Every structure is written in structure tokens, then in C-alpha cells.
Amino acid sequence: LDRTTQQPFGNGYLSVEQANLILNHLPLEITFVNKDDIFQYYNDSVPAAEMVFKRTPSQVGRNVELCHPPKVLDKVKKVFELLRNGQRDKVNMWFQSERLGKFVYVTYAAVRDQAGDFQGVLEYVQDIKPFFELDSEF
């Protein structure tokens, strides 16, 4: 079976089954938009009810501009352009989500191959609030 067969990944091996589990057990909302600006993928780690940014099956396969409110589309294009052109490797944003009780840290990162060429945009969203609560008497 193709999904259970061990394949080279990073510095060792994983099957597709294991690589998928790994992506689904990281504490991040992960999305990937390919070099044609097509929204291809998001992981399955954070429960839907706790997602900062709504992603739905319907968005998969569509151009990225459908993942973001229209009023904000100019800012989305500027980010994708800067990553694509090599002006930036990452663009970051942070804000408090009152509804979720999360301190949101957003990264858009250019995905580049070893030759340094553009292969798409990886977005990952993390709750960093716990990192401000490490020192606890409880």
C-alpha cells in the first residue's frame, strides 16, 4: 500500500500515513497555497470550534483571494508578491482573539526549494498565550 510504504522525508523516512498524522498533531493551523495561488491544503489539528481562521472544504482548489475578506485583498496580494519576489522570507502578524482567548501569531512563509526557487506560500497560525504563562504557582 502506497500510503503505508516508507519514503524519504527530511533526514530519515515516513509513510504518507505518518507524515499526515504529524501535520495533524502540530499545534498550528497550517495552510498551503501553491505557486499558482491555488489554496491546496489545510491540516486537521485544531478543532473547528477553536479555529482562528475559518477554512472549509469548499475553499480547497480555489484561488487564495477566496480565503480572505474582499476589503483585505490588496494586503494579501502584497504579502504573496513579497514572498514570491524574494524580498521577504516570512511576514508575521499578531493580535489577541477575544472570542477564542488566544494570543494569535500568524506567519506567511515562502516555501523555497534547495535551489532557492519559489514553490508556494505556507501559512501557520499559533496560539502563543501559553508561552506567557510558563511561570505558574498552579
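One rule holds for the numbers: they count along the sequence shown, beginning at 1.
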Give the stretch, out of 68 to 76 and 40 to 48, with the larger mean C-alpha temperature factor in the deposited entry.
-> 68 to 76
Quick one: higher average CA temperature factor, 104 to 112 or 81 to 89?
-> 81 to 89
Assigned third (lowest, middle, highest) for the C-alpha B factor of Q96 | middle
Tertile call for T31 (CA temperature factor, within chain, third-based) is the lowest
